[PDB]
């Protein structure tokens, strides 16, 4: 199918981080304010007052080679819902921008009220907090515009160390692509992605392996 992308990092607990969202073995892991994995899936999101659960820093993209990367995204898929997309993995083939022709496999770990139809909001530290700002409470805040985040690669140099790799990826593998278009199909989640979130759908084994 065809989709549109944006970029984000708001530090909030991901929506597929709650139990009862989808038919999975366990929800996506959340972390404490110091980027360390916690196991209380009922823990209050850090984007809410008195919350303690934030997005883990390892739920960020990385390059496997110059034409292939792995990562995560907040999704809104037409005709579906959180029960259908939480923890599902999708292979995106970019169709526009400087990354046209490259592919990336992402695991869907959340969604947003502002997402349109077939809209993938890629997890990218420095890509913009958007509606909620959980990074201020978590560690003091991230630089950049509310929507769109930072604009230069050297601005990644002052990020908390755990968020640096994801920040640099944006300018390195991704070439600072500005909301590139893509084609997508559902795939079985690579073991590398489930190792970071802990979350695998019961129906994962029905889709093609990458």
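Positions refer to the first chain, counted from 1.
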Q. Higher mean Cα B-factor in the deposited model: 141 to 149 or 36 to 44?
A. 141 to 149
(Q) I need to verify one thing: averaged over C-alpha atoms only, is the B-factor higher for 8 to 16 or for 192 to 200? (A) 192 to 200
Q: Specify which of 162, 28, 64, 53 carries the largest Cα B factor in the deposited PDB entry.
A: 64
Q. What's the residue among 128, 116, 84, 71 with the greatest CA temperature factor in the PDB record?
A. 116
Q. Based on the entry's values, in what third of the chain does the Cα temperature factor of residue 100 lie: lowest, middle or highest?
A. highest
Q: Could you look up the Cα B-factor of residue 181 in the entry and say which third of the chain it sits in: lowest, middle or highest?
A: highest
